[PDB]
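As structure tokens, one chain now follows by itself in the form deposited in one PDB entry.
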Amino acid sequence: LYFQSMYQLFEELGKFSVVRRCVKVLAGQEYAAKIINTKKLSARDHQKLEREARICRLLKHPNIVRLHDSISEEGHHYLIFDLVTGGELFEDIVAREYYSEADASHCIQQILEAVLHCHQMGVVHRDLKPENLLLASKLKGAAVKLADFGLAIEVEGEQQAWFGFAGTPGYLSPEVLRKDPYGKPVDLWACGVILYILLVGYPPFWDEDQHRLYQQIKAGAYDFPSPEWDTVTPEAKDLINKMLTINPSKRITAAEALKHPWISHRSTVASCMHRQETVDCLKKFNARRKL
């Protein structure tokens, strides 16, 4: 009755939920509505929606999409955010004529600033993956924006706890797979996975057998094969090694990654060589995520 009174829904943008473009009619302004069907939810999932709404109002950062309204109706809940109009970063990269380590580094720098902000606010995302990395607009030099904090949790300082088995198979951290207490480091692991894909166009851990995948993640069994990693700077590999560290107490933090020479000295450390095989391989990677 009441949401349909104020917003008009148009096309679908993505999918847990669906996200549709809406217009707030009488204000003549557009947003993205994350629309959750609340029948397909337990008592605990309803309570987690109130936490999701809470978390999203806390976060004010240029690299995080902002929440504008939270409306619950008969069967549904509506979270109304800023509309960002450039689509996935990963889909944008493949349409570019030039793509280098310097571009990867600037993307990761923006992501890490988003993640530092979350961590400073006591918020751990838990599910960072390509799907959450949107572009503010179609304009050149648009900001990378984090969208969707559906699995995000609130942490108490630097305390670790067993918050549940949650996340996406290829980006899951060893500590979560071992069923160990976890916290902020889970997000840095996921960033290492994202940085690896950004450099070569394929993921560090992959197996058609999920149980084997999990054993690979838990062992830290990734490598940098020739020929394609031969033209990657040692400092990009070094950053990846420090994010994909199996022991979360030893893993690099967001604050530390932002001071890493490949990030903070991008302009004199990151390669500017076009990586055409990354572009081509990422197109294939994207196609598999959509299939």
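All residue numbers are counted from 1 along the displayed sequence.
A second form of this protein, the form solved in complex with a partner chain, is not displayed here; the remarks below concern that form.
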query	finding
Residues 12, 50 and 138 all lining the partner chain in the entry with it bound, heavy atom within 4.5 Å	no
Option touching the partner chain, based on a heavy atom within 4.5 Å in the entry with it bound, out of 114, 197, 124, 190	197
Contact assignment for the partner chain in the entry with it bound, among 73, 180, 158, 131, heavy atom within 4.5 Å	131
Partner contact for residue 220 in the entry with it bound: the partner chain, 4.5 angstroms, heavy atom	no
4.5 angstroms heavy atom contact with the partner chain in the entry with it bound for residue 91	yes
Touches the partner chain in the entry with it bound: residue 228 (any heavy atom, 4.5 Å)	yes
Distance check, residue 201 to the partner chain in the entry with it bound, heavy atom within 4.5 Å	yes
Options 203 to 211, 114 to 122, 101 to 109, 76 to 84; stretch whose heavy atom lies within 4.5 Å of the partner chain in the entry with it bound	203 to 211
